């Protein structure tokens, strides 16, 4: 499935207070597969967002469209120039539009629910390891009513992660 462009992604930053200086959890979710890539970062400025976006492409493929909030980090010249490199349409979308971010919002909640189980583990591991564990459960262990994981829905037989 990774041999074709993806359609729409939502991306947003949520805060995980328990991660301290790494509280800025950037989240990318594919709205078809619900496959999710998240990173714990030291900020949520344009530079941090672009790093996360680049890593998202490596991990998940390339969308035709990405929807974000219209915070300054997302509407900078740097952002527009960046997405154009992959010919990605940026939709900051419209206010009063919960359905333009509902999936990424549920995804934040799902991630935080997994992270809540890992507070004991947080004594011995960094946020990067905890987040990775949480994502592995969400992407590769949880199954939908048809018995498929988000990774199966996203990749089929073969992952093309770079």
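Positions refer to the first chain, counted from 1.
Averaged over their C-alpha atoms, the temperature factors of 152 to 160 and 3 to 11 are higher for 152 to 160. Two stretches are in play, 117 to 125 and 57 to 65, and the higher mean C-alpha B-factor belongs to 117 to 125. Taking the PDB entry at face value, the top CA B factor among 101, 28, 42, 109 belongs to 101. Annotation for residue 50: C-alpha temperature factor in the middle third relative to the rest of the modelled chain, per the entry. When the modelled residues of the chain are ordered by their C-alpha B factor, residue 36 lands in the lowest third.
In the deposited entry, the Cα temperature factor of residue 143 sits in the top third of values across the chain's modelled residues. Ranked within its chain, residue 83 lands in the middle third, by CA B factor from the PDB record. In the PDB entry, residue 135 places in the lowest third of its chain by CA B-factor.
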